[PDB]
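Enquirer: Dropping a structure here in structure tokens format, bear with me for questions.
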Amino acid sequence: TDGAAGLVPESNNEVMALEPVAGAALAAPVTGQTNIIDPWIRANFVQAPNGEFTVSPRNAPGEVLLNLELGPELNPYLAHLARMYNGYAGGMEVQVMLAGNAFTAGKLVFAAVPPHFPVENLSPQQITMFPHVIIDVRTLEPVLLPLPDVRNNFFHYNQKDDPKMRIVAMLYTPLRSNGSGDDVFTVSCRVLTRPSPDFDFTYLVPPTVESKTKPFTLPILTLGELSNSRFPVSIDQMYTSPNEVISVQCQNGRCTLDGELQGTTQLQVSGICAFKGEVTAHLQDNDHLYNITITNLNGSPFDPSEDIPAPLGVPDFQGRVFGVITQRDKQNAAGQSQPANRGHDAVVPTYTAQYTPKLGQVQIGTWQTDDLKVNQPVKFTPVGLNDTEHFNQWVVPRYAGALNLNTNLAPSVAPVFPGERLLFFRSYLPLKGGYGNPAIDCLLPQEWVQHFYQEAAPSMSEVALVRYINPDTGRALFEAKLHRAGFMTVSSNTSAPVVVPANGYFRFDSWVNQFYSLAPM
Amino acid sequence: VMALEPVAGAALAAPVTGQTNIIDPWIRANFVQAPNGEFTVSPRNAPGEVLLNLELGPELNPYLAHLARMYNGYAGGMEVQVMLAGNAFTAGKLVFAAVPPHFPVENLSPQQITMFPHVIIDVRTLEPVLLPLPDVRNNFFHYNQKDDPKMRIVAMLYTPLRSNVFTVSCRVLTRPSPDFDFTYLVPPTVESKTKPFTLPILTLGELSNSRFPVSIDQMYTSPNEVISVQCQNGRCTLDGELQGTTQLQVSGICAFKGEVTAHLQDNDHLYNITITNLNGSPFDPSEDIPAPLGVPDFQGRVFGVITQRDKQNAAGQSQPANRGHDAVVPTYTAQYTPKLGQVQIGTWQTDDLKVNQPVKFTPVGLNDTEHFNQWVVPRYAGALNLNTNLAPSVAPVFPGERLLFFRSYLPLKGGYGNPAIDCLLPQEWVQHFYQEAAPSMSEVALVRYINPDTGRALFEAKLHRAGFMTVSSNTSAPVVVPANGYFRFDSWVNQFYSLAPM
Amino acid sequence: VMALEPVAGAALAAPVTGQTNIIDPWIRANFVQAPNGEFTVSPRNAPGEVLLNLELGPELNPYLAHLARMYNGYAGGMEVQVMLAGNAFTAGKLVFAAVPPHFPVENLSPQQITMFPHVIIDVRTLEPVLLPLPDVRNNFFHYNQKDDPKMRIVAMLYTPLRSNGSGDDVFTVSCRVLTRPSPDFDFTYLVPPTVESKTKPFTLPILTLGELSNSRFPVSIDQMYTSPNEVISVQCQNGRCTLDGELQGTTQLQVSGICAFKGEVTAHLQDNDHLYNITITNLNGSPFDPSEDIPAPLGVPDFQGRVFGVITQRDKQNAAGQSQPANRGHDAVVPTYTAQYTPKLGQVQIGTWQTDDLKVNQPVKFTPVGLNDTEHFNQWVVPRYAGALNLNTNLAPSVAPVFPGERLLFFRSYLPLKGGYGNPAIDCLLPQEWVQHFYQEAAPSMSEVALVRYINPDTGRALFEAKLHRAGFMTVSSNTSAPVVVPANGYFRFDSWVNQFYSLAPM
Amino acid sequence: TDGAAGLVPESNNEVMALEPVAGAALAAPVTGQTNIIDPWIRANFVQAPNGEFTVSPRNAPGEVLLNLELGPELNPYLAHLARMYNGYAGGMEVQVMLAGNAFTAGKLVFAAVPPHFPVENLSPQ
Ligand SMILES: [Zn+2]
Ligand SMILES: [Zn+2]
Ligand SMILES: [Zn+2]
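Laid out in structure tokens, this is it:
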């Protein structure tokens, strides 16, 4: 009050033109129990899981900075309480703290959008056709907004087929500043929620049984415990994307945060860059080549009319993968009816016309060792690459050879905010011979893929804001954006190994959108 | 029929707390089954053994166990009811008593348990009986982190129970007394000591072996001459403690890395190697470990590939050179001493290795089945040294039970055979137990293998606190299952629970 | 304000205690600065950084910490006052939360600290704010002996600092925390003063660098020397004693007992040099039980090398001179890297250059001087105390600086030789006088790290600061390895107990 | 008042917790004359001979910036008057003007130390 010298506006005197809407007392004669809530949660403002957003000079006017659907997932206490109830009815109370510096100048607009109205293409003047309020970014005392639960039935259920009343923020001015120094004056804003007096839960169910109420969590695993999801080795370091790479497409190690596997991704660590089949041919060139009818990795025949580009776990890059193939006979030739065994080196070229794993054929090679039976089962175990000839890790091989197209591919991913590049997890691979130091970068570790598949929690936004925490210092090193497609982006200008301690971990902070300005590394 | 004084709740602790919260009144309506409310009574039991031991807490109710992850303390009592399931031919009686906080219950006679507040019931009954469990204490309230003793319910057989094989199934259902309340709101799901125990929902085609880096293909019951095992990779309690040479990464099992420091000559060129840790740290043999985490823990001849990348880039002018060849690590011989810090290898008639250059091992399988006995832990310091800091040996104690394994088949290089590596837990279970690290409310858990389409449980086993599973079977055979089955945590039991025959 | 209900104090404990004591009313008014109550907020910080982590108790107020050594117990809360130093052309916010006793505060999110009783204050606030720190417990009062956890109060950066700088230095908000007792704080029961342990405060002796001495060899201290780049984790066996006064390894109390042994002679051989195998007892005269939990008898050397010294012999029976026994004393060398130096088994072998004058079966006494030569001189290798056929058991743990950018701080002392070329030195962690003072005082450690400062006596200002750990070693925040150039008549002064997250000023 | 735009604190509202101490009227029955002082010197603030000190960014926190012993040499008029008297009894009144710029930020602490207490090694707490 007295600390600010009269340089900023102290309070906002403007209301939304909304009517008092009924809550859960309307739903009383048709529901079952009408449970209650602890009175400390009712009367204290707590930061929402959609809490953080920033206004920056990189933002253009007319961008949607905030889009809050009504629910019990707007409060971190109600989000834990709502996992043992069946439904709800009622509104919330939202508080926005946006007290910026005294040298900046900008304005924001908040509006109330009805249930079945589309929000995807609002102009800056269409948002003034709703009950709205205009707030500048220098106000000291925080503003209060309603969220009144307009509906046409008695209460809601935990199903996803009823649209609800939203609040929508938009940038309304360019956020200029007339400070004398060239210093960062980017405004940091917070959103704090508490339930209305007319809010209640409905009906006690078993806890943590229903979907639609599971929360998103990250596992606490350090960088030394992570594993690569494109090759069966361990993760060495993190490494930013070069200026030539702007979008990637790599069918292994891909999973959305909702828990959907895409491309040829699977869950087993041992099944990456590996296959299993039956030798059907013999080719006598300078080197020895064989044809293998591959199956799935569990022991079932591979149907080519499945909705996948390849059998799950095949190599997804151009190169020459080096490994060891082994044989075990289906019959019993000798030794108390024990089968005999052979195991030799191999090489799988994936850029040629003989690597068509969607059709069913994978052709390998062994150098000058033609000791391999026909019509016996085989298994491939990858070690690395034999040479860096024709090694490009960002080109997808043709899974049906030439004269065909790849189908059901996972989509490409790229950053969109200005000044941001991709953040990879880099492991260095062994070679058989030659000069090189190759590397394979993955989007996600394999443990995160398994965790996202087991939890199957929904996503309340498109981007999640994480931070890299050093546990021996207790101070955050950098922050990043975890996208719903399953990739991370950072705000940097170089391409270099990120030098961090290897016993640090990522911590989930908040849900943001695609206009959040990251802090520069 | 009991008679005790009325005992206060958390309203006594009002002037020394912060918030004075309340609770949902609809939780006091239904009786909900306890998370450790399963026990059986059989005519193989005798009066004198304690069949049930329930300590008072918020974990006796699945709604209070969910609410207790956002609060800090509690005080108050709970109400208990018990159901039995027996026909008219059973003939016995069973007694339930209320035992104070600091009383020793070790070898109580059945005629001494009647000197408490008690009830006695016939087994041929059809109605559930009620047990009041108050909260006697000499402090103001309880914390969720410190653990002082509390008031119990102790069950025991009272008459032999001659039944004219037939196992009576009993269940416990609890609900909170009206004087129960919590203390102080905290961030939810961040304290320990209130996290419930769960298993991952993963099918058998998604789990990998924890002793050799390959996949699991079938379950197996232990043979008759194998009565106790002691392995080092894959040892983990249900609390999250990693014992032995156990780590979390799948890609590092039976693997190591270091420097080539010496050279010997024989039929096959040899190459002595000084090893380090897998993360890249110098190994100190003054730690309390058997050996470097992840080294092989059985006696055999491990066949793999050794790769070498140089440390200077002189050849080629921008990048360093690369050498990769096969290897054998014999773990039964005299020069396999990873505790001391040296592991010797062998390549057949191939000499292209360079000394003082960093290397790496990648296991593929074995090559020869001679000296392959997978239940001997090798001498990690050679001779003239006892193995220190080993993981304890595990063995069933109930009559008729044997070990359930997770079998996986290994690739050989040459010769004849079909070897098999058996493990206790999969690697994903070890990972889950390390991340969640929920406490153990008892010593033995109870799981069931479930067909997920119909919901029917196919068989059941006993998952112990030490990290192993035992079934009740008479033969040694593969377990035949549907393709999408998994395990599910059911209850916490004691050592007197009789399993259904497999 | 923080949503907290009133909590009872020492008036709750009235019908279960016997004396009804009061204190001075002037202490209940003055605001005294907390011992670790200061922090600065910088533009480099990120949201979610913990800044205070204070805790309730009589150790906040140095008047109550002096009165607490007369009484038997206490109960009650305090009043906290937070001041800031900013101006009107700034932006940023802080949060102050109230954490219960048994709740672990370990890397909390900035969202998760809003789920406590909290206030959110801007960095522009002109007036100092007042927070309550109540005494939540599940008993009637606390005892001065039995320690139990108490309610903490935690500060955290909520929103980063936005300001424009002045020049080559950026703006910085500095904060101070002051406390005073609540009107319901009180003590319980008058006892004799300074009798009970657990109330004794930790101090350091006022001895300068010229008056102290080495703890791994009986030589005086020469200088201070930061650890090299290839030295990251040491493990010695002499000079090891925790701040609570527990002697670890083979550490004893006497200065003259370092690298010294005593016992009888049993054997004689002469392959080249004279050998004289020697059985050993303790340094007081008791037979050494080899099954003791100690790694070796207390005061044997703890490094590889060839310790050159003088061995004397005084025989039991009186041969001549009217019942006065005879004497002899020569030079010898004990090598510690060979397979003959087994003090855990009970045998130490010496070596004498061509002097066959040492009678067997008469007791001896070794007095070390220096080294034989710099051959096999590795001062950071623990010798095999049982030779071969056994490994070293029950040692002291290894110590290492875990903070990014910190090195160990040693006490360097040079050493004489018998012959040859070199300038060797023995580095120790703590002096012997610090070990003796910590053993005699036995004051408890309130935290895991203590903060000390080197003091120049004529100006009274600090030259550098270091972190004294509970295990008995010091670390400084320096990036080189060089002798520390300070005046020789300086000493250290104990400042406060800090956390494991205190960043030292760069040296 | 109005020239500073509300950018700086205008006044300090804090006292030291000291009691009223007697002066030279206590010493009357044992002394000789009890002389007096010109009333213009009594009611006007004059700069002390220890008058000037600065706070700078070169200063470390915890430095003693000011140490005033009681005497008649704290006033330039009393220091000239005191050269013809034998003794004194009583206190003084000190005024510190420290009105700095509106962009700076710092704090000072002033304390009252008894007669026979050592001041050479005070910590900030
Ligand atoms: Zn061929
Ligand atoms: Zn050779
Ligand atoms: Zn001799």
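Protein chains in written order, with full-length UniProt numbering: chain A, 12 to 532; chain B, 26 to 189, 195 to 532; chain C, 26 to 532; chain D, 12 to 136. Ideal Cβ placement from N, Cα and C applies to all residues, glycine included.
Are A/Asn352 and B/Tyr410 touching if we call contact CB-CB under 9 Å?
Expert: Translated into positions along the first sequence, residue 352 of chain A becomes position 341. Translated into positions along the second sequence, residue 410 of chain B becomes position 380. Taking 9 Å as the Cβ cut-off, A/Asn352 and B/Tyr410 do not qualify as a contacting pair.
Enquirer: Give me every residue whose Cβ sits closer than 6 Å to any heavy atom of ligand 2, in chain order.
Expert: Cβ atoms closer than 6 Å to ligand 2 belong to B/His293, B/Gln295, B/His299, B/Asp381.
Enquirer: For C/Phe489, would you say it is in contact with chain A, using Cβ-to-Cβ distances shorter than 9 Å as the test?
Expert: As a first step, residue 489 of chain C must be located in the third sequence, where it is residue number 464. For C/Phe489, the answer is no, since every Cβ of chain A falls outside 9 Å of its Cβ.
Enquirer: Output, in chain order, the set of chain C residues within a Cβ distance shorter than 9 Å of D/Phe121.
Expert: Sequence index remark: in the fourth sequence, residue 121 of chain D carries index 110 (1-based). None at all; the shortest Cβ gap to chain C is about 14 Å.
Enquirer: Taking one C-beta from the segment 126-143 of chain A and one from the segment 203-221 of chain A each time, how about it: are there three or more such pairs within less than 8 Å?
Expert: With a cut-off of 8 Å, the segment 203-221 of chain A and the segment 126-143 of chain A do not count as touching, because too few Cβ pairs lie within range.
Enquirer: Using 8 Å as the threshold, is the segment 500-508 of chain C in touch with the segment 243-251 of chain C, meaning 3 or more CB pairs across them?
Expert: Yes, the segment 500-508 of chain C is in contact with the segment 243-251 of chain C.
Enquirer: Just verifying my parser: in three-state terms, what is the DSSP assignment at A/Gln342?
Expert: Start at 1 with the first residue of the first sequence, and residue 342 of chain A comes out as number 331. Looking at A/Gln342 - three-state DSSP - the assignment turns out to be coil, as it is neither helix nor strand.
Enquirer: Please compile the residues from chain D whose C-beta is within a distance smaller than 8 Å of the C-beta of A/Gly17.
Expert: Working through the first sequence from its first residue, we reach residue 17 of chain A at position 6. What A/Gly17 touches in chain D: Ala16, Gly17.
Enquirer: When you compare only the Cα positions, how much space is there between C/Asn524 and C/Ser472?
Expert: The residue labelled residue 524 of chain C in the question sits at position 499 within the third sequence. The residue labelled residue 472 of chain C in the question sits at position 447 within the third sequence. Straight-line Cα distance between these residues: approximately 7 Å.
Enquirer: Would you grab the beta carbon distance between B/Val424 and B/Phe328 for me? Rounded to a whole angstrom, and I think it's under 8 Å.
Expert: Translated into positions along the second sequence, residue 424 of chain B becomes position 394. Translated into positions along the second sequence, residue 328 of chain B becomes position 298. No, B/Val424 and B/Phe328 are not in contact; Cβ-Cβ is about 16 Å, not under 8 Å.
Enquirer: What are the uninterrupted segments assigned as alpha helix (DSSP H) that are 4 or more residues long and contained completely in the segment 341-407 of chain B, given in chain order?
Expert: Segments of the alpha helix (DSSP H) lying fully in the segment 341-407 of chain B: there are none.
Enquirer: When you compare only the Cα positions, how much space is there between A/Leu89 and C/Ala33?
Expert: For the purposes of this step, residue 89 of chain A is identified with residue 78 of the first sequence, where counting begins at 1. For the purposes of this step, residue 33 of chain C is identified with residue 8 of the third sequence, where counting begins at 1. One C-alpha to the other measures close to 31 Å.
Enquirer: Taking a Cβ distance cut-off of 7 Å, strictly less, list which residues of the segment 297-315 of chain A are near chain B, in chain order.
Expert: Those would be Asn309, in chain order.
Enquirer: Would DSSP call A/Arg94 helix, strand or coil?
Expert: Your numbering for residue 94 of chain A matches position 83 in the first sequence. Of the three classes helix, strand and coil, the one that applies to A/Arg94 here is helix, per DSSP.
Enquirer: Could you compute how far the alpha carbon of C/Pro326 sits from the alpha carbon of C/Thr361?
Expert: Within the third sequence, the letter at position 301 stands for residue 326 of chain C. Within the third sequence, the letter at position 336 stands for residue 361 of chain C. When rounded, the distance between both Cα atoms is 8 Å.
Enquirer: What does B/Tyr439 pair with, by DSSP beta-bridge criteria?
Expert: If you number the second sequence from 1, residue 439 of chain B lands on position 409. Its beta-bridge partners are B/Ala450.
Enquirer: Counting only the same chain and skipping the five closest in sequence on each side, list residues whose C-beta sits under 6 Å from that of B/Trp378.
Expert: Position 348 of the second sequence, counted from the first residue, corresponds to residue 378 of chain B. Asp298.
Enquirer: By Cβ distance, which residues of its chain are closer than 6 Å to C/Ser503, with the 5 residues on each side in sequence left out?
Expert: For this step, residue 503 of chain C is matched to residue 478 along the third sequence. The answer, listed in chain order, is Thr251, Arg432, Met532.
Enquirer: Nearest to A/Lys492 by alpha carbon, out of A/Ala475, A/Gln295, A/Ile480?
Expert: As a position in the first sequence, residue 492 of chain A is number 481, starting the count at 1. Selected option, being the one with the closest Cα: A/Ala475.
Enquirer: For C/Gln338, decide whether its Cβ has a neighbour in chain B, counting only Cβ atoms nearer than 9 Å.
Expert: In the third sequence, the residue the question calls residue 338 of chain C occupies position 313. Closer than 9 Å: no.
Enquirer: How big is the Cα-Cα spacing for B/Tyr183 and B/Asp147?
Expert: As a first step, residue 183 of chain B must be located in the second sequence, where it is residue number 158. As a first step, residue 147 of chain B must be located in the second sequence, where it is residue number 122. So the two alpha carbons sit approximately 10 Å from each other.
Enquirer: Between the segment 77-89 of chain C and the segment 44-60 of chain C, do three or more beta carbon pairs fall short of 8 Å?
Expert: Yes, the segment 77-89 of chain C touches the segment 44-60 of chain C.
Enquirer: Measure the alpha-carbon distance for C/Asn397 versus C/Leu442 and round it to whole angstroms.
Expert: Position 372 of the third sequence, counted from the first residue, corresponds to residue 397 of chain C. Position 417 of the third sequence, counted from the first residue, corresponds to residue 442 of chain C. Going from the Cα of C/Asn397 to the Cα of C/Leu442 covers about 6 Å.
Enquirer: Cα separation between B/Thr291 and B/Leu308?
Expert: Indexing the second sequence from 1 puts residue 291 of chain B at position 261. Indexing the second sequence from 1 puts residue 308 of chain B at position 278. Near 18 Å, if we compare the C-alpha coordinates of B/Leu308 and B/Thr291.
Enquirer: Does the distance from the CB of C/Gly288 to the CB of C/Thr304 come in under 9 Å?
Expert: Numbered from 1 along the third sequence, position 263 holds the residue referred to as residue 288 of chain C. Numbered from 1 along the third sequence, position 279 holds the residue referred to as residue 304 of chain C. A contact, by the Cβ cut-off of 9 Å.
Enquirer: By the three-class DSSP mapping on this structure, what secondary structure does A/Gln58 have?
Expert: Counting from 1 along the first sequence, the entry for residue 58 of chain A is found at position 47. If DSSP states are grouped into helix, strand and coil, A/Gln58 belongs with the strands.
Enquirer: Have a look at C/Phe196 and A/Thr45 and give me their C-alpha separation to the nearest angstrom.
Expert: Locating residue 196 of chain C in the third sequence gives position 171, counting from the first residue. Locating residue 45 of chain A in the first sequence gives position 34, counting from the first residue. Taking the straight line from one Cα to the other gives about 54 Å.
Enquirer: If I measure Cβ to Cβ from B/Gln273 and keep anything under 6 Å in the same chain, skipping five residues before and after, which residues do I get?
Expert: Residue mapping note: residue 273 of chain B aligns to position 243 of the second sequence, counting from 1. Taken in chain order, the residues that qualify are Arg265, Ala421.
Enquirer: Would you please verify whether the beta carbon of B/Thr42 is less than 9 Å from any beta carbon of chain C?
Expert: What you label residue 42 of chain B is simply residue 17 of the second sequence in a count that begins at 1. By this cut-off, B/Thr42 is an interface position.
Enquirer: At a CB-CB cut-off below 8 Å, which residues of chain C make contact with D/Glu131?
Expert: The residue labelled residue 131 of chain D in the question sits at position 120 within the fourth sequence. Under the 8 Å cutoff, chain C gives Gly485.
Enquirer: Do you know whose CA, among D/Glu104, D/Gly82, D/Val105, D/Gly101, lies nearest D/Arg94's CA?
Expert: The residue you call residue 94 of chain D lines up with position 83 of the fourth sequence. The shortest Cα separation from D/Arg94 among D/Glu104, D/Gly82, D/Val105, D/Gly101 belongs to D/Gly82.
Enquirer: Could you compute how far the alpha carbon of A/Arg495 sits from the alpha carbon of A/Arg187?
Expert: Locating residue 495 of chain A in the first sequence gives position 484, counting from the first residue. Locating residue 187 of chain A in the first sequence gives position 176, counting from the first residue. Approximately 32 Å, taken between the alpha carbons.
Enquirer: If we ignore side chains and look at the alpha-carbon of each, how far apart do A/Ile480 and A/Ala487 end up?
Expert: Taking the first sequence and counting its residues from 1, the one referred to as residue 480 of chain A is at position 469. Taking the first sequence and counting its residues from 1, the one referred to as residue 487 of chain A is at position 476. A/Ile480 and A/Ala487: Cα-Cα distance of roughly 5 Å.
Enquirer: Please name the residue or residues paired with B/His143 in a DSSP beta bridge.
Expert: Stepping through the second sequence from its first residue, residue 143 of chain B is reached at position 118. Bridge partners of B/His143: B/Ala122.
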